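*Asks:* got a structure for you, letters missing:
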Ligand SMILES: N[C@@H](Cc1cc(-c2ccc(Cl)cc2Cl)cc(CP(=O)(O)O)c1O)C(=O)O
Ligand SMILES: *[C@@H]1O[C@H](CO)[C@@H](O)[C@H](O)[C@H]1NC(C)=O
Ligand SMILES: *[C@@H]1O[C@H](CO)[C@@H](O)[C@H](O)[C@H]1NC(C)=O
């Protein structure tokens, strides 16, 4: 799961058991979205040569 | 010897006088002395010196130079003339050069050649740090694409349910899925049934991914916006007869005790009073404390701003464009009344313009490099 | 006043050739084959310590959809699918990067900046402009020790009256134009299809003249000077010249539009056709 | 959901803007550069005395 | 003395690295399946 999240998305699983695992994976996914965004930007930096 | 038109510098001791393409100028000084004044002041160069030297070299007459000892651009002092022009009513000299304006009270006695450098009461503004649009997030796409999107949604949902009739997926679940997919993602929901109908949502997803990508790409342009220069017409502007339409911080820069003042206290006087607390000591404090929001709009004679612009390290100091100025006059040359040189210097200075040289001269002194 | 320039200016329409523009026609098919390659490699990888299912899983993640039920139940197939997904991220990411870098860079050509501008520094025939005949302009262009190279280039296309030039350039026949300031300044602020470079070009100034030594000169000369302290001419300005307003409003990168995104919209028709085929073909296969 | 997409996208775009124009001032282009034609006190430039 | 341009897909050769890593992962997958067919031995 957590690998399938930094890179965009796939493979349906939930791990939904006790809502606290939920509040845990939440911050992870947050960090993921900001990471992906930063990457897209600073790579669009290099395609201008 | 006031402006960067008429500079004087210390006499060069290493090779006699000045050693470089200038003319000397003397200074006979006696004050609170019986004795005789006089001594070689200095070598004496500058823009006005340049035009004088060339024009004399071309109209074949010779001259010399000593400075004014008592006065300035003189005015009427008990119905008389002191200083510069006073040195010409007394016939103690023949002509007057240097930064000098033209009005009636001076056009009475001395006479004035055709002016060369323009001048007038102008304004000084400063740029603004960026203007990101308020309705940016709906700019980078035309009006078509959105309703086109909506109707494509509808038709795809229709063909979906109808190729499906060959818990139960219907209009609601399908449209909800499709919306939630074309936008990045959301809300795990039921899928369509049947292996074959899956093709449709697939190609739709392709459409959507390329869509979102293109959209963020385009919108990544409307955050790069150029420097925004303010706009204002001549001093007949709504923004200054009624300056409280916005905050009082909109301060106005005009140094007192001079031609700006006198040419102001004659027509409105209301800007004059409203500028009461907004007085400023000269050009130094003005063009320093203007950059930092304490001084915002300015009032002065353009023939100094159009110079001081191209010296400041920054670039946020630009006047408004030409053809929007107040006191259309020009610096010139002053001669004794009805002499026999008005005609000749006139023809020769118009010649100077016609042959394209004053541009070179202004390039040497007047305008700097800091073109905007 | 002085001299200025005049040229048409408008919102550009910098546009992509097609949604597929930022790729070459080859790689588009390279990925299309490689996806099935790695799919069937999964299919022959997991089966030994689900065909259409693994097909779907494999071909979905390149679409970030939600479709897909199966998954790898081995270990090696897992260690493959991870990098497969990473590749799926990189593809679309690079796509976004490239399209962006394209649409930020392509800001259209500069305006004609002035006399020293490169884009007109030499006389040129792919970029044609005119001037005013029998006027002060070719008078000042007579004595051009240096400028003679463009002097001839103009005098081979000179024009007669303004109504020629303005109406022509509005019709995009010519590229550039020259005159004294006031005329074109007004003509710009009146109708807002044209602008100026604002660059001053050669000082001058109008005035009044009479045959020599006529007894008027002094009176009119003092009158005019009287007519610039009381600001009567300041009023005349607003009476005739600084008359209208069209905002500067530096143009934008020209939103994509209804124009070419229909390259994508070409996809829904292919979807419909393939569907009405595949329904009958499914009836048969069933 | 649409609002979510808009906020995330705008975030990406703004960051893309701020990185592209993160490059220092141009090398001194010669003897006629602004930053050297008229002096300043930020970065100084001289030679050896005499 | 300088300008900038935007390419088209920028290459196939510049993109080759991704396929390099793709093939490398495929090879590791194969060798790991083999090592699993081995380590069922335990
Ligand atoms: N032009 C007037 C005198 C005069 C001169 C200047 C001036 C100041 C600095 C520099 Cl560097 C150059 C100049 Cl020309 C400014 C004003 C403006 P103010 O009225 O606020 O004193 C003025 O009156 C004359 O010749 O009768
Ligand atoms: C404008 O932006 C520059 C960028 O460095 C900054 O230094 C300056 O303080 C800003 N000024 C204002 C008024 O926003
Ligand atoms: C300027 O003039 C005002 C009023 O005319 C006077 O109060 C002030 O002292 C003057 N300042 C100077 C420096 O002459």
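*Replies:* On my side now, so go ahead. Numbers count the residues shown, from 1 in each chain, chains lettered A, B, ... in the order given. Ligands and ions are numbered 1, 2, ... in the order given.
*Asks:* do you know how far the one residue in chain E that gets nearest to ligand 1 is from residue D:30?
*Replies:* For chain E, the residue closest to ligand 1 is residue E:1, as judged by C-beta to the nearest ligand atom, at 39.1 Å. In this view, the C-beta of every residue, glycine as well, is placed from N, C-alpha and C. Distance, residue E:1 to residue D:30, using C-beta to C-beta, to the nearest Å: 10 Å.
*Asks:* do the same with residue E:33
*Replies:* 64 Å.
*Asks:* likewise residue C:74?
*Replies:* 65 Å.
*Asks:* which one of the two has more residues nearby?
*Replies:* More crowded of residue C:74 and residue D:30, by other C-beta atoms under 10 Å in any protein chain shown: residue C:74, with 19 against 7.
*Asks:* got a list of what residue C:183 touches?
*Replies:* residue C:162 (C-beta atoms under 8 Å, 6 or more residues apart in numbering or on different chains).
*Asks:* name the element it belongs to?
*Replies:* Using DSSP states H and E, residue C:183 sits within helix C:181-190.
*Asks:* residues from the stretch 51-200 of chain C in reach of chain B?
*Replies:* Counting by C-beta under 8 Å from any C-beta of the partner chain, the residues of the stretch 51-200 of chain C close to chain B are C:52, C:56, C:60, C:63-67, C:92, C:95-96, C:99-100, C:102-104, C:140, C:143, C:181-182, C:185, C:198, C:200.
*Asks:* of these, list those near chain E.
*Replies:* residue C:102.
*Asks:* Just the ones in helices from the residues of the stretch 51-200 of chain C next to chain B, please.
*Replies:* Among those, the members falling in helices (DSSP state H) are C:52, C:56, C:60, C:92, C:95-96, C:99-100, C:102-104, C:140, C:181-182, C:185.
*Asks:* and those residues, which two are the farthest apart?
*Replies:* For those, the maximum inter-member distance is 82.3 Å, found between C:52 and C:140 (C-beta to C-beta).
*Asks:* quick revisit: report the separation between the residue of chain E closest to ligand 1 and residue C:144.
*Replies:* For residue E:1 relative to residue C:144 (C-beta to C-beta), the value is 31 Å.
*Asks:* so what's the spatially most central residue of chain E up against?
*Replies:* Computing the C-alpha centroid of chain E and ranking residues by C-alpha atoms, centre = their mean puts residue E:21 first, at 1.6 Å. Listed by C-beta under 8 Å, 6+ apart, the contact set of residue E:21 reads C:83, C:87.
*Asks:* any idea how far it lies from chain D?
*Replies:* Using C-beta to the nearest C-beta, to the nearest Å, one gets 25 Å for the distance from residue E:21 to chain D.
*Asks:* can you tell me the helix or strand for that residue?
*Replies:* Assigning secondary structure by DSSP H and E places residue E:21 in helix E:16-39.
*Asks:* Give me the distance from that helix to the chain's centre.
*Replies:* 10 Å (C-alpha atoms, centre = their mean, to the nearest Å).
*Asks:* So for it, what gets flagged as buried?
*Replies:* The neighbour-count check on helix E:16-39 (16 or more other C-beta atoms under 10 Å in any protein chain shown) flags E:18, E:22, E:25-26, E:29, E:32-33 as buried.
*Asks:* Closest residue of the stretch 101-250 of chain C to ligand 1?
*Replies:* Counting by C-beta to the nearest ligand atom, the stretch 101-250 of chain C gets nearest ligand 1 through residue C:229, at 13.4 Å.
*Asks:* That residue against residue B:262, yeah?
*Replies:* No - under the criterion of C-beta atoms under 8 Å, residue C:229 makes no contact with residue B:262, lying 10.0 Å away.
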